[PDB]
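Asks: Handing you a structure now.
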Amino acid sequence: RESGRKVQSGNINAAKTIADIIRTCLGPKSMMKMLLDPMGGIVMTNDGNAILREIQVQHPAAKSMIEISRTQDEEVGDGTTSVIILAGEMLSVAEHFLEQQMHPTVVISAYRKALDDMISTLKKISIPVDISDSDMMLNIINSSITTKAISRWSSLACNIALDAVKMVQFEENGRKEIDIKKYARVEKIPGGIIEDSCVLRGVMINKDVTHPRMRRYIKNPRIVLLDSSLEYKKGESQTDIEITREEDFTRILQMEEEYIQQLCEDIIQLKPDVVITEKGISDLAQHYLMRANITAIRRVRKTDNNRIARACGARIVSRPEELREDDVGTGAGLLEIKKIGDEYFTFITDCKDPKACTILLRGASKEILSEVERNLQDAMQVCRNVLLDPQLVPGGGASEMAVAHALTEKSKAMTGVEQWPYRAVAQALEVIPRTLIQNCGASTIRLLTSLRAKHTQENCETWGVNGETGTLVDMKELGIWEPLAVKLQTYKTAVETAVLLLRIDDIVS
Amino acid sequence: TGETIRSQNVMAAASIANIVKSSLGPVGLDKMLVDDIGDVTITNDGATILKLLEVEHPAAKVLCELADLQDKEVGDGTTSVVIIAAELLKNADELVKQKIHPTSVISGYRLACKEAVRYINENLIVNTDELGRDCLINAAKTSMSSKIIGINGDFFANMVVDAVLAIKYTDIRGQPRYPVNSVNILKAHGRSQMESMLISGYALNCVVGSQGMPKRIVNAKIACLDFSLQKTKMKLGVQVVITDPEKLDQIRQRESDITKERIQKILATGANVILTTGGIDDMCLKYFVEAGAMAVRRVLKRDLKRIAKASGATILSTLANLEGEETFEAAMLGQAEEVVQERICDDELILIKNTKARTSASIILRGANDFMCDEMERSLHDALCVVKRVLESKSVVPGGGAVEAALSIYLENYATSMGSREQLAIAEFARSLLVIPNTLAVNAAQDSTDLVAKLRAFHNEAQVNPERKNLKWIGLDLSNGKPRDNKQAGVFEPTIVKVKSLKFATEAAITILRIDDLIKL
């Protein structure tokens with residue numbers, strides 16, 4: 001049972017003590033934390049998600065800190081380090097003052113009003129991108145994989161993701177989500193080079209297919225996804241006692257085999273050479289598809305079959321009587337089980353599903369692929385952020401000092417108490433460029449003031465300090481950029497826990 | 001023990017009330033609670049959290065139970081009755097410390113608990129409707145997270161709450177009441193936000209049929225199907241003969257035809273509009289459409305059962321009987337005054353308009369944002385609960401917080417004549433009252449005294465009423481905290497809850513005031 005100012009300070013003390021070297025970790029210039037173990041295992045990492053798990057958590061706020069970092073790590077996975085940065089700041093800077101000046105809420109209310117100001121300021125300084133131009137994206141994706149600091153293989157992972165993400169770009173809620181990642185399906189292939197890795201229509205299933213799964217090459221002929229209602233009926237239309245004994249084999253299989261016949265003969269009409277049985281798969285079911293003169297495929301994940309519902313792009317139907325191409329296995333379909341390396345790989349092509357190509361990844365080894373693979377998984381998060389937000393915003397101090405003066409002027413135009421939160425928030429921004437100047441090796445308060453002069457005149461439009469070169473820079477000219485979304489999102493997330501930990505005055509049992 | 005336990009009971013009351021204060025109301029803040037060990041949960045509404053809280057005292061124990069008692073009645077006042085009990089114990093324990101008996105005190109408290117309710121009894125408002133409860137629109141408007149709902153802040157709130165107050169909604173076979181009993185009132189973001197409208201009929205999130213289904217059928221009886229037609233898998237039910245390869249599959253075609261028959265037999269007895277909770281096959285719908293009947297399938301059950309219960313007669317969503325299809329007796333008739341699949345919220349949905357024998361309306365609020373549909377949802381649930389208490393009780397007191405200042409005074413009045421110790425036993429009973437604006441102002445980061453004092457300075461005599469806010473009390477605010485009128489922001493209370501919260505804290509404290517020992521070996 002702990003509470004109040006002490007906690008309110010302890011919240012900062014919990015949250016803030018994290019980010020210290022973690023902000024130095026931000027940027028390619030980075031100061032790895034050494035994590036020794038009580039075991040003695042030494043860890044040099046700039047990435048909080050690893051740092052967060054491994055460290056003793058001294059406070060339940062740290063436990064809460066983990067949440068929103070895992071959130072963004074789940075939300076995108078980009079800028080996870082950055083979400084815990086400004087959450088402590090808001091708290092760290094003002095909190096003690098304004099609760100000594102008595103209020104949770106005036107800051108809590110001044111979280112949102114500072115928030116949208118950036119979002120509003122962002123959409124001005126966030127300027128649209130050409131997704132029509134893959135390179136207008138790629139340069140950021142290149143800026144993103146050099147953020148991941150692999151330009152060797154991942155510059156290809158750029159294209160492969162990009163080309164894929166542009167293809168895995170689609171979705172419709174009626175609000176029409178731009179990308180869909182749960183469509184995007186990579187492969188993991190030894191053999192071939194990742195330069196020979198590509199993306200083809202529909203969801204490539206290597207997931208259940210490392211070996212024979214659906215024949216080999218099923219050219220036109222269909223694959224049949226089964227959400228039926230195929231369970232072989234012990235009786236005819238009724239289920240009866242299970243089969244323990246010869247009579248039960250005779251009598252019941254009489255009634256069983258004709259039902260799968262009643263079923264998978266309704267399958268043979270849709271022209272499969274292969275039928276992948278996710279539901280209703282049982283000793284009799286797939287046995288009759290070879291009797292139905294179609295390859296049967298056993299006890300398979302519907303995740304695939306849902307990916308496959310995005311691969312051939314069909315739906316899946318539980319209809320026992322109605323089983324068709326449109327019902328399952330839409331389009332002409334291409335079912336190709338290719339051995340890339342030593343493993344046979346179903347490639348479902350001829351996608352009938354909007355855009356929708358999925359990723360061949362074949363590395364000479366699994367490992368040589370993996371370096372592409374992770375940044376390609378990063379690039380898709382990047383690409384979609386460009387897709388979800390097609391406004392590229394200049395990275396760092398340009399997007400940073402810009403909003404601050406607004407917020408100050410905001411605070412100044414508001415000239416209430418909430419001015420102080422904005423004055424805290426606008427100043428809370430300046431850490432990262434300072435941190436970048438901290439990171440680069442130059443004198444920040446100079447460069448800060450210098451960057452203020454960049455805002456005092458330019459409004460720091462494209463001008464931050466560039467932590468790599470540690471100088472006032474044109475992020476447009478530098479090509480230093482990023483989507484508003486992850487910029488917004490990571491920031492918008494950094495607001496949230498500061499709202500939380502300031503709201504929460506009682507830690508009890 | 002003794003005073004020490006009666007301080008420890010206070011310390012039990014103290015430590016607890018400290019939290020539920022900070023958790024009190026919407027201004028009440030979420031609080032980390034360790035649930036077991038590594039399990040810590042961030043919540044408020046002590047009655048909720050006290051249950052995840054593990055008490056250090058039977059004193060704290062019984063109080064959680066007391067609020068849990070109060071909770072079983074209503075979750076409202078739970079955090080209060082606790083907070084009140086702490087106030088109580090801290091009031092009289094001093095006197096009990098001082099010269100005063102633990103028995104002599106609670107007399108002038110309990111009997112003042114009779115007095116306060118006797119005012120809360122003589123304080124009511126039977127019309128909580130137009131001036132509303134915590135106004136009318138302001139219940140939802142507060143609970144609005146104002147995005148596209150804010151410009152509609154009165155519009156929606158006046159829409160939804162007047163919809164929440166009373167609009168036409170057939171209950172099961174249409175019992176008339178206010179429709180917070182059930183809301184097929186819905187929200188779907190589409191078109192624009194002003195275009196959000198109450199609908200005359202039934203809102204349905206649904207699969208509207210196809211295949212030559214009439215997209216609108218005026219004046220149609222209904223088949224609301226809890227069922228899923230599909231087909232009944234049968235190789236041989238009818239026409240066993242083998243003549244053409246046509247015929248062998250025409251044997252198993254008869255799963256469909258007996259449906260086709262009984263579909264039309266359901267058409268023949270009656271309905272032109274069919275509502276199926278699950279899927280019907282492409283021929284099943286086709287049977288309705290060749291029957292000329294509109295078949296809306298895969299119909300949302302909550303809406304559908306609310307329709308099916310309102311649809312008239314006894315219907316396939318109120319029926320478990322399925323023959324593979326079941327010809328109606330026209331006691332299976334659902335009923336729709338007229339049936340329309342209409343584009344609403346950029347969405348064509350079947351709108352059952354009322355019932356062929358009965359009347360209903362719903363809402364689907366047109367937004368640009370699911371977030372709109374995320375919030376008025378609450379605002380409904382707020383206003384629904386707000387106006388629910390309005391609806392089952394037209395007896396409600398004006399003000400939730402304006403009572404306190406009057407009550408103390410009203411007790412201060414009632415105090416002075418009692419004399420002896422119990423003039424004061426009323427006063428300290430009136431001192432327990434005063435936390436109500438306080439924790440509010442505290443959770444709202446407001447100065448409690450400058451309100452409750454200013455509150456106590458609204459009077460000529462003591463009453464809560466907008467006619468005299470100057471010469472009497474009225475209403476309350478939360479964020480500022482100050483009194484309002486009725487339809488101003490003006491708070492109310494359903495007269496049921498407080499007296500119970502009053503009753504409980506008075507009684508728990510005295511039994512807490514009961515014992516001087518806790519012994520063990």
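How things are named: the first chain in the structure tokens is A, the next is B, and so on; residues count from 1 in each chain; ligands count from 1 in the order shown.
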Neighbours of stretch 409-424 of chain B within 9 Å (only C-alpha atoms; same-chain residues fewer than 6 positions away dropped), as a ChimeraX atom specification?
Replies: /B:100,104-109,112,115-116,119,430,456,461-463
Asks: Could you save those same residues with C-alpha atoms as a tab-separated table (two decimals), in the first residue's frame?
Replies:
chain	number	residue	atom	x	y	z
B	100	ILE	CA	-18.73	10.68	25.80
B	104	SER	CA	-24.44	7.91	24.15
B	105	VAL	CA	-23.02	9.21	20.86
B	106	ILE	CA	-24.54	6.99	18.20
B	107	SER	CA	-27.98	7.82	19.54
B	108	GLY	CA	-27.82	11.38	18.20
B	109	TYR	CA	-26.21	9.96	15.07
B	112	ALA	CA	-30.08	12.08	13.00
B	115	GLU	CA	-33.54	13.13	10.55
B	116	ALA	CA	-31.37	13.47	7.45
B	119	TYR	CA	-35.22	15.67	4.85
B	430	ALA	CA	-23.36	16.25	10.35
B	456	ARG	CA	-23.42	26.16	3.38
B	461	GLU	CA	-33.88	28.02	5.08
B	462	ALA	CA	-32.37	24.73	3.95
B	463	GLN	CA	-33.60	23.15	0.72
Asks: Can you list every residue in stretch 295-473 of chain B that DSSP puts in helix (DSSP H, G or I), as a compact mmCIF listing (two decimals) with N, CA, C and O atoms, in the first residue's frame?
Replies:
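Output file states35.txt follows:
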# COMPACT_ATOMS: atom_id res chain seq x y z
N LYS B 301 -28.13 -11.73 -33.00
CA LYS B 301 -29.08 -12.34 -32.08
C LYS B 301 -29.62 -11.34 -31.08
O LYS B 301 -30.83 -11.25 -30.88
N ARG B 302 -28.73 -10.57 -30.43
CA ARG B 302 -29.19 -9.60 -29.44
C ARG B 302 -30.28 -8.71 -30.02
O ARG B 302 -31.36 -8.58 -29.44
N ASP B 303 -30.03 -8.13 -31.19
CA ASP B 303 -31.09 -7.43 -31.89
C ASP B 303 -32.21 -8.39 -32.26
O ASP B 303 -33.39 -8.10 -32.01
N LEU B 304 -31.86 -9.54 -32.83
CA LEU B 304 -32.89 -10.43 -33.35
C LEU B 304 -33.77 -10.97 -32.24
O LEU B 304 -35.00 -10.93 -32.34
N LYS B 305 -33.17 -11.46 -31.15
CA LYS B 305 -33.99 -11.92 -30.04
C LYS B 305 -34.84 -10.78 -29.49
O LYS B 305 -36.03 -10.98 -29.21
N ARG B 306 -34.27 -9.59 -29.36
CA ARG B 306 -35.05 -8.42 -28.96
C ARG B 306 -36.16 -8.15 -29.95
O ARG B 306 -37.27 -7.76 -29.55
N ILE B 307 -35.89 -8.32 -31.24
CA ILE B 307 -36.96 -8.32 -32.22
C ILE B 307 -37.83 -9.55 -32.04
O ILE B 307 -39.05 -9.44 -31.90
N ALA B 308 -37.22 -10.74 -32.03
CA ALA B 308 -37.99 -11.97 -31.95
C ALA B 308 -38.88 -11.99 -30.72
O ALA B 308 -40.04 -12.44 -30.78
N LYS B 309 -38.37 -11.52 -29.58
CA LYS B 309 -39.25 -11.38 -28.43
C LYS B 309 -40.33 -10.35 -28.69
O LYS B 309 -41.44 -10.47 -28.18
N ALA B 310 -40.03 -9.35 -29.52
CA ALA B 310 -41.01 -8.32 -29.84
C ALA B 310 -41.75 -8.64 -31.14
O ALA B 310 -42.72 -7.95 -31.49
N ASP B 370 -15.61 5.19 -35.90
CA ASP B 370 -15.94 4.15 -34.93
C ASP B 370 -15.80 4.69 -33.52
O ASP B 370 -16.53 4.28 -32.61
N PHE B 371 -14.87 5.63 -33.34
CA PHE B 371 -14.67 6.25 -32.03
C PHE B 371 -15.93 6.95 -31.56
O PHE B 371 -16.26 6.91 -30.37
N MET B 372 -16.67 7.58 -32.48
CA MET B 372 -18.01 8.03 -32.13
C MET B 372 -18.83 6.88 -31.59
O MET B 372 -19.42 6.98 -30.51
N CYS B 373 -18.88 5.76 -32.33
CA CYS B 373 -19.62 4.59 -31.88
C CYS B 373 -19.02 4.00 -30.62
O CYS B 373 -19.63 3.14 -29.97
N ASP B 374 -17.81 4.42 -30.26
CA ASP B 374 -17.18 3.93 -29.04
C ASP B 374 -17.63 4.73 -27.82
O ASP B 374 -17.54 4.26 -26.69
N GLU B 375 -18.13 5.95 -28.04
CA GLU B 375 -18.27 6.88 -26.92
C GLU B 375 -19.72 7.09 -26.52
O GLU B 375 -20.09 6.83 -25.37
N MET B 376 -20.56 7.58 -27.43
CA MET B 376 -22.00 7.61 -27.17
C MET B 376 -22.52 6.27 -26.70
O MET B 376 -23.52 6.22 -25.98
N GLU B 377 -21.85 5.19 -27.10
CA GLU B 377 -22.02 3.90 -26.44
C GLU B 377 -22.02 4.06 -24.93
O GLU B 377 -23.02 3.76 -24.27
N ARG B 378 -20.91 4.53 -24.38
CA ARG B 378 -20.86 4.88 -22.96
C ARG B 378 -21.94 5.90 -22.60
O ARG B 378 -22.69 5.68 -21.64
N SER B 379 -22.02 7.01 -23.35
CA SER B 379 -22.98 8.06 -23.04
C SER B 379 -24.39 7.50 -22.96
O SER B 379 -25.15 7.85 -22.05
N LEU B 380 -24.77 6.65 -23.92
CA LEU B 380 -25.94 5.80 -23.72
C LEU B 380 -25.90 5.14 -22.36
O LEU B 380 -26.71 5.46 -21.49
N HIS B 381 -24.92 4.24 -22.16
CA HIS B 381 -24.83 3.48 -20.92
C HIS B 381 -24.86 4.40 -19.71
O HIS B 381 -25.49 4.08 -18.69
N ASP B 382 -24.20 5.56 -19.79
CA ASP B 382 -24.39 6.57 -18.77
C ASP B 382 -25.85 7.01 -18.70
O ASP B 382 -26.52 6.76 -17.69
N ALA B 383 -26.33 7.68 -19.74
CA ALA B 383 -27.70 8.17 -19.74
C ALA B 383 -28.69 7.05 -19.50
O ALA B 383 -29.66 7.22 -18.75
N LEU B 384 -28.45 5.88 -20.11
CA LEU B 384 -29.29 4.72 -19.84
C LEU B 384 -29.41 4.49 -18.34
O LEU B 384 -30.52 4.47 -17.80
N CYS B 385 -28.27 4.39 -17.65
CA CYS B 385 -28.30 4.24 -16.20
C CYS B 385 -28.86 5.48 -15.53
O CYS B 385 -29.70 5.39 -14.62
N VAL B 386 -28.40 6.66 -15.95
CA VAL B 386 -28.95 7.90 -15.43
C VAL B 386 -30.46 7.88 -15.53
O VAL B 386 -31.18 8.05 -14.53
N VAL B 387 -30.98 7.66 -16.73
CA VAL B 387 -32.41 7.79 -16.93
C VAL B 387 -33.13 6.52 -16.47
O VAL B 387 -34.30 6.58 -16.10
N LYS B 388 -32.43 5.38 -16.43
CA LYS B 388 -33.02 4.19 -15.81
C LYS B 388 -33.51 4.50 -14.41
O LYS B 388 -34.68 4.24 -14.07
N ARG B 389 -32.63 5.03 -13.57
CA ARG B 389 -33.02 5.42 -12.23
C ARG B 389 -34.12 6.48 -12.28
O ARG B 389 -35.06 6.44 -11.49
N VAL B 390 -34.01 7.41 -13.22
CA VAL B 390 -35.11 8.32 -13.53
C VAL B 390 -36.39 7.54 -13.81
O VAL B 390 -37.47 7.91 -13.34
N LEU B 391 -36.28 6.46 -14.57
CA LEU B 391 -37.46 5.79 -15.10
C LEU B 391 -38.12 4.85 -14.10
O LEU B 391 -39.35 4.86 -13.97
N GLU B 392 -37.35 4.04 -13.38
CA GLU B 392 -37.98 3.23 -12.34
C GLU B 392 -38.25 4.04 -11.09
O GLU B 392 -39.12 3.69 -10.29
N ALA B 402 -25.54 19.12 -3.03
CA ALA B 402 -26.13 20.27 -2.36
C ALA B 402 -26.81 19.86 -1.07
O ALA B 402 -27.06 20.71 -0.20
N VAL B 403 -27.12 18.57 -0.93
CA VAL B 403 -27.72 18.08 0.30
C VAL B 403 -26.79 18.30 1.48
O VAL B 403 -27.22 18.78 2.53
N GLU B 404 -25.50 18.01 1.30
CA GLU B 404 -24.56 17.97 2.42
C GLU B 404 -24.60 19.26 3.23
O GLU B 404 -24.81 19.23 4.45
N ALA B 405 -24.39 20.40 2.57
CA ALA B 405 -24.36 21.68 3.26
C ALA B 405 -25.68 21.94 3.99
O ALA B 405 -25.68 22.23 5.19
N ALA B 406 -26.80 21.82 3.27
CA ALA B 406 -28.10 21.87 3.93
C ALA B 406 -28.19 20.87 5.06
O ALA B 406 -28.48 21.25 6.20
N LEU B 407 -27.92 19.59 4.77
CA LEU B 407 -28.07 18.54 5.78
C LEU B 407 -27.37 18.88 7.08
O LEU B 407 -28.00 18.87 8.14
N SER B 408 -26.07 19.20 7.01
CA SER B 408 -25.35 19.63 8.21
C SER B 408 -26.12 20.73 8.94
O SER B 408 -26.48 20.57 10.10
N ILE B 409 -26.34 21.86 8.26
CA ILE B 409 -27.25 22.88 8.77
C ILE B 409 -28.59 22.29 9.18
O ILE B 409 -29.01 22.47 10.33
N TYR B 410 -29.30 21.64 8.26
CA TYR B 410 -30.54 20.95 8.61
C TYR B 410 -30.36 20.11 9.86
O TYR B 410 -31.25 20.05 10.72
N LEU B 411 -29.21 19.46 10.00
CA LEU B 411 -28.87 18.81 11.26
C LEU B 411 -28.47 19.82 12.32
O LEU B 411 -28.94 19.74 13.45
N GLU B 412 -27.59 20.78 11.97
CA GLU B 412 -27.25 21.86 12.89
C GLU B 412 -28.49 22.48 13.50
O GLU B 412 -28.54 22.73 14.71
N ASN B 413 -29.50 22.74 12.68
CA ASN B 413 -30.81 23.10 13.19
C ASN B 413 -31.33 22.03 14.13
O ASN B 413 -31.53 22.27 15.33
N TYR B 414 -31.57 20.83 13.59
CA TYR B 414 -32.01 19.69 14.38
C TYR B 414 -31.08 19.41 15.56
O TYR B 414 -31.54 18.92 16.60
N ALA B 415 -29.79 19.71 15.41
CA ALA B 415 -28.86 19.59 16.53
C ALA B 415 -29.29 20.46 17.71
O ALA B 415 -29.59 19.94 18.79
N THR B 416 -29.32 21.78 17.50
CA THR B 416 -29.32 22.73 18.61
C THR B 416 -30.45 22.46 19.59
O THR B 416 -30.29 22.69 20.80
N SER B 417 -31.58 21.97 19.10
CA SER B 417 -32.72 21.75 19.98
C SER B 417 -32.56 20.46 20.78
O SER B 417 -33.14 20.32 21.86
N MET B 418 -31.77 19.51 20.27
CA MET B 418 -31.62 18.24 20.96
C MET B 418 -30.92 18.42 22.30
O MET B 418 -31.21 17.69 23.26
N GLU B 422 -26.35 15.11 22.71
CA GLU B 422 -26.84 14.64 21.43
C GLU B 422 -27.20 15.77 20.49
O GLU B 422 -27.39 15.53 19.30
N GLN B 423 -27.28 17.00 21.00
CA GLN B 423 -27.10 18.15 20.12
C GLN B 423 -25.83 17.99 19.31
O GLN B 423 -25.81 18.18 18.09
N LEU B 424 -24.74 17.59 19.98
CA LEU B 424 -23.48 17.39 19.29
C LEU B 424 -23.43 16.06 18.56
O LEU B 424 -22.86 15.97 17.47
N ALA B 425 -24.03 15.01 19.14
CA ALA B 425 -24.10 13.73 18.45
C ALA B 425 -24.78 13.88 17.09
O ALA B 425 -24.53 13.09 16.17
N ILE B 426 -25.64 14.89 16.96
CA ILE B 426 -26.16 15.26 15.65
C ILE B 426 -25.10 16.01 14.86
O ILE B 426 -24.92 15.78 13.65
N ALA B 427 -24.37 16.90 15.53
CA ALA B 427 -23.39 17.73 14.83
C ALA B 427 -22.27 16.88 14.24
O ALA B 427 -21.95 17.00 13.05
N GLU B 428 -21.66 16.02 15.05
CA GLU B 428 -20.64 15.14 14.50
C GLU B 428 -21.21 14.18 13.48
O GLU B 428 -20.49 13.72 12.59
N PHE B 429 -22.50 13.86 13.59
CA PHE B 429 -23.15 13.14 12.51
C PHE B 429 -23.23 14.02 11.27
O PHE B 429 -23.13 13.53 10.14
N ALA B 430 -23.37 15.33 11.47
CA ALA B 430 -23.36 16.25 10.35
C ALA B 430 -21.93 16.51 9.88
O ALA B 430 -21.72 17.01 8.76
N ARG B 431 -20.94 16.20 10.71
CA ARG B 431 -19.56 16.36 10.29
C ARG B 431 -19.11 15.21 9.40
O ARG B 431 -18.19 15.37 8.60
N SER B 432 -19.75 14.06 9.54
CA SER B 432 -19.48 12.95 8.64
C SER B 432 -19.94 13.26 7.22
O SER B 432 -19.33 12.76 6.26
N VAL B 435 -17.51 15.22 3.74
CA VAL B 435 -16.47 14.73 2.84
C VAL B 435 -16.99 14.65 1.41
O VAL B 435 -16.22 14.60 0.45
N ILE B 436 -18.32 14.65 1.25
CA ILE B 436 -18.90 14.40 -0.07
C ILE B 436 -18.45 15.43 -1.10
O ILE B 436 -17.98 15.02 -2.18
N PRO B 437 -18.55 16.74 -0.85
CA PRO B 437 -17.91 17.68 -1.78
C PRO B 437 -16.40 17.59 -1.75
O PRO B 437 -15.75 17.99 -2.72
N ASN B 438 -15.83 17.05 -0.67
CA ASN B 438 -14.39 17.16 -0.47
C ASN B 438 -13.63 16.21 -1.38
O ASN B 438 -12.93 16.66 -2.30
N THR B 439 -13.76 14.90 -1.16
CA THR B 439 -13.16 13.92 -2.06
C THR B 439 -13.48 14.24 -3.51
O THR B 439 -12.62 14.07 -4.39
N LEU B 440 -14.69 14.70 -3.79
CA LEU B 440 -15.00 15.23 -5.11
C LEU B 440 -14.04 16.34 -5.50
O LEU B 440 -13.30 16.21 -6.48
N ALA B 441 -14.06 17.45 -4.75
CA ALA B 441 -13.13 18.54 -5.02
C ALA B 441 -11.69 18.06 -4.98
O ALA B 441 -10.86 18.50 -5.78
N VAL B 442 -11.37 17.14 -4.07
CA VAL B 442 -10.02 16.60 -4.01
C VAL B 442 -9.68 15.84 -5.28
O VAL B 442 -8.65 16.08 -5.91
N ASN B 443 -10.54 14.89 -5.67
CA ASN B 443 -10.30 14.15 -6.90
C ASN B 443 -10.36 15.06 -8.11
O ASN B 443 -9.71 14.79 -9.13
N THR B 449 -13.27 23.24 0.85
CA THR B 449 -13.87 24.17 1.80
C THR B 449 -14.58 25.31 1.09
O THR B 449 -15.77 25.55 1.31
N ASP B 450 -13.87 25.99 0.19
CA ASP B 450 -14.41 27.19 -0.44
C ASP B 450 -15.65 26.86 -1.26
O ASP B 450 -16.36 27.76 -1.73
N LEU B 451 -15.92 25.57 -1.45
CA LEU B 451 -17.18 25.15 -2.04
C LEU B 451 -18.20 24.83 -0.96
O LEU B 451 -19.21 25.53 -0.81
N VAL B 452 -17.93 23.79 -0.17
CA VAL B 452 -18.89 23.33 0.83
C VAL B 452 -19.24 24.45 1.79
O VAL B 452 -20.38 24.54 2.27
N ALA B 453 -18.28 25.32 2.09
CA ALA B 453 -18.60 26.50 2.88
C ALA B 453 -19.52 27.44 2.11
O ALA B 453 -20.62 27.76 2.57
N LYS B 454 -19.08 27.87 0.94
CA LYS B 454 -19.95 28.60 0.03
C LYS B 454 -21.28 27.87 -0.14
O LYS B 454 -22.34 28.50 -0.12
N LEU B 455 -21.24 26.55 -0.30
CA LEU B 455 -22.47 25.76 -0.27
C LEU B 455 -23.28 26.07 0.98
O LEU B 455 -24.43 26.49 0.89
N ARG B 456 -22.68 25.90 2.15
CA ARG B 456 -23.42 26.16 3.38
C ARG B 456 -23.92 27.60 3.45
O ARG B 456 -24.81 27.89 4.27
Asks: Which residues, written as number ranges by chain, have at least one atom at most 8 Å from residue A:158, with only C-alpha atoms counted and residues fewer than 2 positions away on the same chain left out?
Replies: A: 138, 141-142, 145, 154-156, 160-162, 375-376, 379
Asks: Using only C-alpha atoms, find the residues of chain A whose closest atom to chain B is at most 8 Å away, then write them as a count of residues only.
Replies: 19
Asks: Which of these, A:423, A:279, A:324, A:59, has the shortest distance to residue A:305 once you count only C-alpha atoms?
Replies: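 Counting only C-alpha atoms, the residue closest to residue A:305 is A:279.
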Asks: Using only C-alpha atoms, which protein or nucleic acid residues come within 9 Å of residue A:196? Drop anything in the same chain fewer than 2 positions from it, and give the result as a PyMOL selection string.
Replies: chain A and resi 192-194+198+360-363
Asks: Those residues you just picked out, can you put them in a file as a CSV table (one decimal), in the first residue's frame with C-alpha atoms?
Replies:
chain,number,residue,atom,x,y,z
A,192,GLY,CA,18.9,-19.5,-53.0
A,193,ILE,CA,20.0,-16.0,-52.3
A,194,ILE,CA,17.8,-13.3,-50.7
A,198,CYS,CA,10.8,-12.3,-54.1
A,360,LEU,CA,9.5,-15.5,-50.9
A,361,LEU,CA,12.6,-15.4,-48.7
A,362,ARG,CA,15.3,-17.8,-49.7
A,363,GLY,CA,18.7,-17.1,-48.2
